[PDB]
> 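This is the structure, below, for whatever I ask next.
Counting from 1, the numbers follow the sequence of the chain as shown. Values below: all heavy atoms of this structure, side chains included; hydrogens, waters and symmetry mates excluded. Every number for a ligand or one of its atoms is a count from 1 in the order of the listing.
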Amino acid sequence: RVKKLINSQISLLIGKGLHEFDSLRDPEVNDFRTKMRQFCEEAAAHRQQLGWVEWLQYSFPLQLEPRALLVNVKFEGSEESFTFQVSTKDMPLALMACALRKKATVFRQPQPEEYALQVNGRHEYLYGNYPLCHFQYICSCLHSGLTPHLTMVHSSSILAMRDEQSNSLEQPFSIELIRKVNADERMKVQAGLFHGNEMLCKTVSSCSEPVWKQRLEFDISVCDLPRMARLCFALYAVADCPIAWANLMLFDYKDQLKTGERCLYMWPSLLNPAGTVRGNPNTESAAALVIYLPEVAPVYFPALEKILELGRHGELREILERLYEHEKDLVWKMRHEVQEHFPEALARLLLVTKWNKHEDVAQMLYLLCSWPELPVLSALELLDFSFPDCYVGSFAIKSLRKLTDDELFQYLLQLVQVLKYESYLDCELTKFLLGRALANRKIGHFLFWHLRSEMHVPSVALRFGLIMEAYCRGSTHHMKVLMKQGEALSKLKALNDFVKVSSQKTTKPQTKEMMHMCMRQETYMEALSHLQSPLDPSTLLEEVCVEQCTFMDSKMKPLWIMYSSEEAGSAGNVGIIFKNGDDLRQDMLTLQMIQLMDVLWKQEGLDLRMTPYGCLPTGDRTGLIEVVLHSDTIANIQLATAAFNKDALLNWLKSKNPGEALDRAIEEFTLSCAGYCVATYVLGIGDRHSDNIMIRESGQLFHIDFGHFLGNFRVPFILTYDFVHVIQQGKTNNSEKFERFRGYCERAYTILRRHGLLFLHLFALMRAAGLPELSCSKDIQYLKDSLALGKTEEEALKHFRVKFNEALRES
Ligand SMILES: Nc1cc(C(F)(F)F)c(-c2cc(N3CCOCC3)nc(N3CCOCC3)n2)cn1
C-alpha cells in the first residue's frame with residue numbers, strides 16, 4: 001500500500017500516469033525503467049549513510065562568489081542572540097568558536113567543528129574553509145549595508161534531517177515502401193540516410209491511403225552502415241507542399257539490425273535528420289507510412305573488441321587547425337599526429353572521417369579509445385548533433401565528469417536540450433544527469449523543472465517522463481517537496497484564470513479584492529504557503545501576504561505574489577510573478593547568458609553589478625519570474641520635482657540615496673549600465689525602451705522581458721541620453737565620468753570575446769530547443785559577428801569603438 005501511494009504520487013508529480021508506460025508494451029521503455037530505478041536506488045542508499053557535512057554538501061550546496069562586519073548569531077532552539085564584530089577574512093569556524101564562547105559565558109557553564117551556520121529563514125548554510133566574504137550571502141550583505149543573521153545548527157540536528165528524509169554483407173542497403181494522408185487530390189515520398197547532419201549517400205525518392213510497393217535502394221552497402229545510422233522520410237505533394245516527416249534508427253537499442261515490418265506514425269510539417277526517432281503518439285489522426293526492412297541474413301553491430309582489432313592496423317596540418325577538399329585528406333592522413341600532438345583538434349578530425357565507410361570508422365574509433373581527456377569547452381562541442389556516434393558521445397561525457405557542480409548548474413539547460421538529439425532511451429547522458437542530480441539536490445531540483453516544463457510536448461513526454469520517474473525512485477523525500485511546489489502552481493493557474501475572467505468584467509480594485517478572497521480560502525492558504533521556491537530551492541516561501549498580492553495589466557494578467565517569514569527577517573520578504581499564456585524559455589536562456597557574462601566578468605575582477613533574476617518555465621506556457629524588490633521602471637520614474645524631464649532619474653536616485661550615498665548609487669548605475677549595454681549588444685536584444693528597463697534603489701539598472709534576441713524583430717549599440725545624463729552626474733560635459741564608462745563597456749566586451757567559443761558551443765546545443773529565434777546558422781552567425789572572433793583583439797576593439805561612437809552621436 002505504501003508502493004501504491006508512491007506510484008500515484010509520481011503520476012501526479014510528473015504529469016503522466018505510470019500505467020501509460022506499461023500499456024506501450026515496449027521492451028526499450030521496460031528496460032530503461034528497471035535499470036534506471038536500481039541505479040537511482042543505489043544512489044539513495046549511498047546518500048543515507050553520508051557524513052553530516054557530506055549530507056549538507058548534497059542538500060545545501062555552498063553558494064560562493066565566482067574589512068570588518070557585525071554578525072548576529074543565535075542558536076537553534078533559542079530566542080536569545082548575540083552580535084559580534086568579526087572580519088570579512090575570518091573563516092566560519094572562527095565565528096562558531098566566538099559564538100560558543102558567548103553562550104558558555106552567558107550560561108555560566110564551561111567544539112565548533114560539530115556545527116554549521118544556517119542563514120536565518122533560508123535553506124542556505126555557511127561551512128568549509130572559506131573566508132566570510134567569499135560566501136554569496138555575506139558578500140551580498142556587505143554591498144547592501146545589511147547585517148548577516150546566522151543560526152548555529154548542531155551535527156545531531158543535521159543528522160536528524162538526513163534520517164527524516166530516508167526512503168559483413170556487401171548487399172546494397174534497401175527498404176520496401178509498402179494511411180491517413182491529407183493533401184490536394186489534384187496533386188500526387190523522399191527518403192535519405194543520415195549520420196547526424198551528414199548524408200551517408202544521395203537522397204532516394206519514390207490521394208489518401210497510398211499504395212507504393214516500390215523497392216528503395218541506397219548507394220551504400222549494408223556493411224558500411226554506422227551504428228548510429230538514421231533513415232529519414234518526408235511525405236510531400238507535387239511549388240512544394242510539405243505534409244509529414246518520420247525518422248528511425250537502422251539498429252535498435254540492443255545493437256541488432258532492424259529486419260522486419262514497421263508502421264511509421266508521422267509528425268506533421270524537407271528531410272528532418274535532427275528530429276526525434278520515435279513515432280507520433282497521436283496514432284488516431286497522424287499520417288502513417290508502411291515500411292519493410294528485408295532480412296539481410298541475426299546481425300548485431302560488431303563489439304568493441306572486433307572494432308579495435310580492425311582499426312588497429314594502419315600507419316601543413318598546423319595551419320589547417322585554427323576546410324577545402326584537399327585539406328580534409330591531410331587531416332585524415334596525419335590522424336595519429338593529430339592524437340599525439342593536437343588532442344584538442346579531435347572534433348576537426350571527426351568531421352573529416354568518412355562515416356559511410358566502415359574501415360574508416362574502426363580506425364577513428366581505435367584512436368578515440370586511447371584519446372586523452374579534453375577540457376570541458378572541447379567536450380561541450382562534442383555534444384552537438386554533428387557528433388552522433390555512441391563512442392564519441394560516451395568520450396564527451398567522460399570529459400564532462402570533471403565539471404564542478406557550479407559549472408554543471410550553469411550548463412544544465414543545454415545538457416537537458418541535448419537529450420532531444422538522443423537516439424535511444426538508456427544513454428550515458430541520462431545516466432550522468434541522473435547521478436549528478438541524485439548527488440546534489442539543487443541540480444535535482446532544476447533537472448526536474450526543466451523536464452516537467454516540457455511534458456505537454458509529445459516528442460519528449462515519454463523520455464522526460466521516464467527520467468523524472470527514475471529520479472523520484474532515488475529521492476522519495478524530494479518528490480514530496482516538489483509535489484508541494486506543483487500544488488502551489490496548480491492553485492496559481494486556477495487563481496490566474498479567475499483574474500483573467502474577472503478583469504474583463506469589472507474594475508481593477510474589484511478584481512484584486514476578489515483575488516484576495518479566493519486566496520483567503522483554506523485550500524489556497526494551505527497550497528500557497530510553506531514551500532521551497534521553484535526559482536531557488538534555498539529561498540523558503542513561508543506566509544503568503546495576501547494584502548500585498550496583485551496582478552499586472554498586460555494581456556495575460558500576470559500575478560504578483562508576495563511572501564513573508566518572521567524567522568528570515570527582512571530577507572524573508574520575497575516576491576514571485578506567475579505568468580500563464582506566454583512562453584518563458586527564451587527569457588530563461590537570455591537571463592542565464594547574462595548570468596554567465598556576470599561570472600566571466602567577475603573571474604577577471606570586473607563586477608558590473610548585474611541583476612540576473614530567476615526565470616523558470618514550469619509547464620505549458622507557464623512559469624515563474626523572481627521579483628527584485630525596491631525597483632521601478634524608467635517610465636514610472638519619469639512620470640523631488642524636476643524642472644526638466646532629464647533630471648527625473650537623477651532626482652529619484654537622490655531621494656533614495658541622500659548625502660554621501662549618491663556617489664555610490666551613480667557608480668552602481670554606471671557599472672550595470674555598461675554591463676547591460678554590452679549584453680544587449682552582444683546578444684542582439686532590440687526593442688529596449690523605458691517600460692522594459694528598471695532601476696533598483698541602490699542605483700543598479702537592469703533589463704526585463706527579453707522578447708527578441710539575435711537581431712530578430714543587426715541591432716546597434718545603444719547609448720540612451722537619460723542614462724548618459726546620470727553617468728555624467730547631471731552635467732552637460734563630463735568626459736572624466738563618461739570615458740570611465742566607455743572603459744567599462746570595452747573591458748566587458750573584450751572579456752566576453754575571450755570566452756566566445758563557450759557562448760557559440762552553448763548556443764549550438766540550444767538549437768535543440770526549437771526556439772523560433774534560435775533555429776538556424778544565421779542566428780549563430782549573429783553571435784560570431786557581434787563577438788568578431790575572426791578578428792584580432794585590436795581590430796575587434798576598433799570596430800566596437802566605431803559602434804560605440806556611432807551610438808554616442810545617435811544619443
Ligand atoms: N517575459 C517577461 C514578462 C514579465 C511580466 F511579468 F510582465 F509578465 C516580466 C516582468 C515584468 C515586470 N513588470 C513590472 C513593471 O511593469 C511592467 C511589468 N516586472 C518584472 N520584474 C521581474 C524582476 O524584478 C522586478 C519585477 N518582470 C519579465 N519578463
> So, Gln510 and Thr507: side-chain donor and acceptor under 3.5 Å apart, yes or no?
yes

> Please work out whether any backbone atom (N, CA, C, O) or any side-chain heavy atom from C-beta onward of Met694 is under 4.0 Å from ligand 1, and answer side chain, backbone, both or neither.
side chain

> Check each atom of ligand 1 against the heavy atoms of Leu584 and keep those under 4.0 Å away; list them by number with element.
1 (N)

> Heavy-atom distance to atom 10 (C) of ligand 1: which of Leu591, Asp583, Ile704, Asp691 wins?
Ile704

> For the residue pair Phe804 and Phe738, does the interplanar ring angle fall in the parallel (under 30°), tilted (30 to 60°) or perpendicular (over 60°) class?
tilted

> At under 4.0 Å between heavy atoms, is it the side chain or the backbone of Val628 that contacts ligand 1, or both, or neither?
both

> Parallel, tilted or perpendicular: which describes the rings of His445 and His478, with under 30° parallel and over 60° perpendicular?
tilted

> Which atoms of ligand 1 are found less than 4.0 Å from any heavy atom of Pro558?
8 (F)

> Does ligand 1 have a heavy atom under 4.0 Å from the side chain of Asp582, from its backbone, from both, or from neither?
neither

> At what distance, to the nearest 0.5 angstrom, does CG of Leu787 lie from CZ of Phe800?
11.0 Å

> Classify the side-chain pair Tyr744/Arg740 by whether it contains a donor and acceptor separated by less than 3.5 Å.
yes

> Distance under 4.0 Å to a non-hydrogen atom of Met552: what atoms of ligand 1 satisfy this?
6 (F), 13 (N), 14 (C), 18 (C)

> Could you point out which residue of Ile634, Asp632, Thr611 forms a side-chain contact (heavy atoms from CB on, under 4.5 Å) with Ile695?
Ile634

> Would you call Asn692 a ligand 1 contact, heavy-atom distance under 4.0 Å?
no

> I'd like to know if the side chain of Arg747 reaches the main chain of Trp601, judged simply by a donor and an acceptor atom lying under 3.5 Å from each other, with no hydrogens or angles considered.
no

> Ligand 1 and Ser631, any nitrogen or oxygen pair closer than 3.5 angstrom?
no

> Applying a heavy-atom cut-off of 4.0 Å, say which part of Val627 lies close to ligand 1: side chain, backbone, both or neither.
backbone

> Mind checking whether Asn636 contacts ligand 1 via backbone (N, CA, C, O), side chain (CB onward), both or neither, at a 4.0 Å heavy-atom cut-off?
neither

> Out of all atoms in ligand 1, which are within 4.0 Å of some heavy atom of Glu626? Include the element for each.
22 (C), 23 (C), 24 (O)

> Could you check whether any side-chain N or O of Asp779 sits under 3.5 Å from a backbone N or O of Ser775, counting only pairs where one atom can act as donor and the other as acceptor?
yes

> Need the ligand 1 atom indices (1-based, order shown) with element for anything under 4.0 Å from a heavy-atom of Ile625.
2 (C), 3 (C), 4 (C), 9 (C), 22 (C), 28 (C), 29 (N)

> Going by distance alone, is a donor N or O of one side chain under 3.5 Å from an acceptor N or O of the other, for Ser672 and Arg609?
no

